[PDB]
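Peer 1: Let me give you the structure first, and then I'll get to my questions.
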């Protein structure tokens with residue numbers, strides 16, 4: 001693989017090449033991508049979408065918009081610091097081609113900012129509820145009308161793949177969706193494979209899939225332009241990750257770990273007494289102990305620890321990337337950046353405490369169970385109206401919820417139900433159930 | 001005034017100079033400021049703070065966090081584009097001192113991101129309720145114990161000044177607050193004056209005031225380092241605006257004008273037809289008519305017009321800034337950048353329509369009326385507990401609401417009441433009232 005092609009500025013449908021040295025510095029394609037996402041209807045909708053973590057009437061807990069924003073800031077830092085080191089290691093990328101360190105920060109920041117844009121509500125539980133609907137619920141009836149991979153897209157419905165659809169889906173008057181740079185689309189794709197085969201290896205990149213059958217042809221074009229290495233020659237396609245996707249993944253991993261811990265403490269789900277114990281190793285080399293002791297409020301002390309731990313893990317992740325840069329370029333790095341961290345024990349301890357006190361908490365379980373019913377009800381309403389669109393009731397449902405092939409209809413129903421805001425989903429659900 | 005001094009990287013308490021050429025490119029002070037605001041407790045709290053604009057059960061309407069985020073993105077573009085032209089006109093800024101165009105984008109983005117951080121709930125009506133409390137309500141009893149300017153800080157309590165307080169307030173373990181770069185604090189100060197005299201002229205910079213008496217000594221430090229020009233001849237202090245403050249203002253004006261209009265259309269408060277009619281001159285040169293006619297959804301057509309109109313006004317504001325750069329540097333520019341717009345008739349039409357259909361709408365008036373009662377109730381409870389801190393009831397109030405001199409206590413009460421999240425304020429209000 002070659003960094004000259006990995007950093008493609010191509011947008012969908014382009015007729016001529018876009019050279020980095022010819023770009024206006026005030027309209028750099030990679031920075032335009034960040035702003036396009038910020039102002040997009042899908043990103044704006046995250047304002048009205050909560051995480052699975054419970055709300056608090058006393059402390060700050062992140063909604064999905066604030067979470068995505070902070071992930072993108074961490075991502076920009078990863079991209080900036082790696083970009084600087086990559087331009088030292090390959091000086092021609094700056095001399096002949098005109099790439100600068102901020103370019104790498106922009107690609108990673110934009111891909112990270114958009115990572116949760118296609119996820120259904122209720123976290124991974126929401127993905128499972130949609131899959132269950134097609135595996136064992138009403139949607140099971142479609143199995144014999146779908147290919148194996150089409151059906152797998154539904155029974156293993158994946159928020160990563162829905163995010164790719166949201167970013168790239170053509171609509172009348174919006175060809176190519178947000179039309180993001182191909183480099184940004186490459187960095188976005190953490191799982192460059194189709195829904196089948198299911199987990200063909202234990203490599204992190206094989207754990208999930210990254211595009212639906214409906215978007216396979218689009219990602220093939222992206223993979224071709226970037227020169228991603230083919231990882232399989234069978235009708236089942238897969239590629240080695242774009243190198244910057246490791247940094248997008250690292251941004252999410254660091255924030256998932258440390259910021260969930262911060263929210264858990266401010267919620268009172270994790271006793272404050274655990275905060276310093278679980279973070280001392282991650283912060284001890286950089287912490288100002290006088291500052292920490294003078295701080296009189298828990299949320300300020302926890303926020304200080306969070307900033308220091310994130311800075312530590314960002315710096316370590318950059319060094320890990322650069323150590324395995326050539327392996328990543330060759331497609332032979334089979335692990336995540338955080339998997340190689342010297343603080344793996346502390347990270348695992350933080351993750352497990354969050355599972356025990358947050359994700360297994362009664363308030364999260366209750367919401368996930370309710371989410372199964374909400375999503376299943378909305379899916380069944382849409383699919384019954386698809387199957388019998390001539391009845392008076394189903395015409396009302398169509399006016400209320402949605403005012404092509406069978407597979408394309410079903411994937412769109414999943415995409416739309418997944419991206420409804422919390423309040424709109426709940427209101428429509430209550431009307432269908434007469435509540 | 002000298003750009004070398006205006007672009008100061010000083011933080012509060014610094015003992016040694018910070019040379020731009022010595023900054024780490026991955027830890028630029030100006031970009032550190034942006035990230036510090038994003039992760040700050042006051043900015044995160046905007047998550048849970050609505051505008052006075054009503055919410056919608058069908059369409060997107062901005063919370064204060066998303067409005068500030070989009071203003072910061074428009075500000076980053078304005079700073080980047082003006083920065084590139086400033087470095088062309090003053091090339092020693094780059095060659096000698098090492099400044100780069102993205103530095104100007106970071107300064108303007110950070111100051112714009114934090115513009116609403118100190119505003120009380122309920123818009124300008126919330127400011128008026130706090131001022132009315134001290135002018136004619138319970139707080140009138142403090143008049144004779146305060147200087148003229150201390151009392152004016154209260155009866156004309158100003159969100160812009162509270163924002164300055166929020167950004168810089170010292171607490172145990174956090175001296176200097178967020179410790180933002182002085183260039184960023186200069187760009188933030190749109191009204192570089194104290195509360196008195198009131199509206200000494202019709203200059204936009206004199207319309208309001210930008211810092212309380214509690215923060216006068218801090219902004220004096222900031223003004224000295226930046227080399228801001230003294231404007232007032234009497235003992236009442238006042239400075240000419242930092243040139244970048246004009247770009248922070250323009251980002252707010254453009255977003256408030258176009259994005260409020262966008263929200264009003266998607267709310268149904270503004271008829272859909274008015275969108276093209278009021279924006280056609282702002283978008284006519286750049287709009288793709290076949291793209292627009294192919295768009296099937298109102299929100300997408302309006303969002304396209306919004307993006308085109310913001311684009312037009314960003315470009316024009318940059319040109320206006322450069323056309324008047326020397327007059328701004330000398331403190332002789334008497335207007336805002338948008339005031340000189342060739343589209344001023346269309347801007348005025350859009351604003352007046354938003355005033356008539358949104359800000360004078362029944363739903364806004366209802367909310368402002370309720371806000372008067374909520375804020376007045378909270379202020380009276382805090383002030384009575386200040387006046388008689390010995391009683392069992394007032395000790396409960398102190399534990400519920402707030403777990404030095406009279407003025408310092410009163411201005412802190414105003415700052416804390418103003419910065420409470422919507423849900424926390426409402427909950428405490430209901431408990432004080434028995435519900």
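Peer 1: Would you mind finding the one in B:85, B:89 that is farther than 21 Å from residue B:23 by Cβ and away from chain A (no Cβ under 11 Å)?
Peer 2: Every option except B:89 fails the conditions.
Peer 1: Taking the stated definitions as given, is residue A:154 within 13 Å of chain B (Cβ to nearest Cβ) and either out of contact with any strand residue (DSSP E or B) (no Cβ under 6 Å at 6 or more places or on another chain) or surrounded by 22 or more Cβ atoms within 10 Å (Cβ to Cβ) (or both)?
Peer 2: No: the conditions fail for residue A:154.
Peer 1: Hey, another quick one. Output the number of residues of segment B:261-274 satisfying the condition of being assigned to a helix (DSSP H, G or I) and surrounded by 23 or more Cβ atoms within 10 Å (Cβ to Cβ).
Peer 2: Of the residues in segment B:261-274, 5 are assigned to a helix (DSSP H, G or I) and surrounded by 23 or more Cβ atoms within 10 Å (Cβ to Cβ).
Peer 1: So, residue A:30, is that one closer than 16 Å to residue A:163 by Cα and buried (at least 22 other Cβ atoms within 10 Å of the Cβ) or not?
Peer 2: no
Peer 1: Just to be sure I understand, how many residues within segment B:94-107 are away from chain A (no Cβ under 13 Å) and either buried (at least 21 other Cβ atoms within 10 Å of the Cβ) or touching a strand residue (DSSP E or B) at 6+ places or on another chain (Cβ under 6 Å) (or both)?
Peer 2: Adding up the residues that qualify gives 2.
Peer 1: Could you pull out every one of the helices (runs of 4 or more DSSP H) wholly within segment A:1-68 that has 3 or more residues that are under 21 Å from the mean Cα position of the chain (by Cα) and more than 8 Å from chain B (Cβ to nearest Cβ)?
Peer 2: Working: elements: A:3-6, A:29-38, A:41-44.
Of the helices (runs of 4 or more DSSP H) lying wholly inside segment A:1-68, those with at least 3 residues that are under 21 Å from the mean Cα position of the chain (by Cα) and more than 8 Å from chain B (Cβ to nearest Cβ) span A:29-38.
Peer 1: Here are the criteria: (1) over 21 Å from residue B:260 (Cβ atoms); (2) within 14 Å of chain A (Cβ to nearest Cβ); (3) touching a helix residue (DSSP H, G or I) at 6+ places or on another chain (Cβ under 6 Å). Tell me which single one residue B:293 does not satisfy.
Peer 2: (3)
Peer 1: Considering A:305, A:329, A:313, which residue is away from every other protein chain (no Cβ under 14 Å) and surrounded by 18 or more Cβ atoms within 10 Å (Cβ to Cβ)?
Peer 2: Only one candidate qualifies: A:313.
Peer 1: Sticking with this one: Are any residues in segment A:369-389 surrounded by fewer than 19 Cβ atoms within 10 Å (Cβ to Cβ) and within 29 Å of residue A:258 (Cβ to Cβ), and if so, which ones?
Peer 2: Residues satisfying the conditions are A:369, A:370.
Peer 1: Show me the helices (runs of 4 or more DSSP H) entirely contained within segment A:122-236 in which 3 or more residues are over 30 Å from residue A:377 (Cβ atoms). Steps first, please.
Peer 2: Numbers: elements: A:123-135, A:148-155, A:159-168, A:182-188, A:216-226.
In segment A:122-236, A:182-188, A:216-226 are the helices (runs of 4 or more DSSP H) which contain 3 or more residues that are over 30 Å from residue A:377 (Cβ atoms).
Peer 1: Here's something else I'd like to know. Say whether the condition of being within 14 Å of another protein chain (Cβ to nearest Cβ), touching a helix residue (DSSP H, G or I) at 6+ places or on another chain (Cβ under 6 Å) and surrounded by 15 or more Cβ atoms within 10 Å (Cβ to Cβ) is met by at least one residue in segment B:239-248. Show your work before the answer.
Peer 2: Looking only at segment B:239-248, we keep the residues that are within 14 Å of another protein chain (Cβ to nearest Cβ), and these are B:247.
In the following step, the residues that additionally are touching a helix residue (DSSP H, G or I) at 6+ places or on another chain (Cβ under 6 Å) were identified as B:247.
Still in the running and surrounded by 15 or more Cβ atoms within 10 Å (Cβ to Cβ): B:247.
Yes: segment B:239-248 contains one or more residues that are within 14 Å of another protein chain (Cβ to nearest Cβ), touching a helix residue (DSSP H, G or I) at 6+ places or on another chain (Cβ under 6 Å) and surrounded by 15 or more Cβ atoms within 10 Å (Cβ to Cβ).
We did not get these values from a lab; they are worked out from the coordinates using the rules stated. All Cβ positions, even for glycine, are placed from backbone atoms using ideal geometry, and neighbour counts span all protein chains on display.
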